[PDB]
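One chain follows as structure tokens, the form deposited in one PDB entry.
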């Protein structure tokens, strides 16, 4: 029931299999103690990873353990630089938690037979420990630098009347925990449309640099003063937009009744801070 976490195991034994139904997104920013927990690991499908034990037949709920293991060139072992974090049951957290030790923190949720021996891991975050605080403590040789990829490790301990314990362990896909690269400045050099009717609706191509899938295009309007009086996002064709070409659908101007052209601006923004200098566009009366 407390088998060493460094001891190797298998995901399947006889008719018993421990499987990860829903995997986690390949990216999760681990949080530090000096900052507010950054939530629980999520699934690529905007949900949560799912784990399930199949061949179980008894009616007594087992205990699923969760911990963070390595993801390097060596066989999986618990990660010394990250620790699972009990994403304190808020509103999304449904699966009851429970923390244990063993020099490695490990959670433990239950695998109820009524829940077909499958659980929704929505109560497990990833805390990042400080290298300096770890390295060379309790006998070490491992180093944290560049060791920022991990795996969610799961395991169950099935008891058999024959006095036998079946221990299954399943590791998730590698997860990247370091903060992702920051947004560069999107730059707009050319544009294939300078104006169109108030209805908007046409496609515009922005020739530039540093465009991405997260690139956004905002259309605004200034008063002679500087008071921005209009903001409208323009739909980007992610299916066509490239790093140096951004396809954008010109929005419908805020007022179709104008009888005189009206100058406006629009910028490309990466993330929520990296915008390009305002650009020019004109809307014509119908």
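Numbering follows the first chain given and starts at 1.
FYI, the form deposited in another entry isn't displayed, but the following is about it.
K.L.:
Which single option from 183, 198, 131, 241 is at the hinge, given the motion of the rigid parts between the shown form and the other one?
P.N.:
Evaluating 183, 198, 131, 241 against the hinge definition gives 183.
K.L.:
So the CA-CA distance for residue 93 and residue 36 moves by at least 3 angstroms in the other form. Closer or farther than here?
P.N.:
They are farther apart; the C-alpha distance rises by 3 Å or more in the other form.
K.L.:
Relative to what we see here, could you say if residue 73 and residue 121 have their Cα atoms closer or farther apart in the other form, with a change of 3 Å or more?
P.N.:
Note: Cα gap between residue 73 and residue 121 shrinks in the other form.
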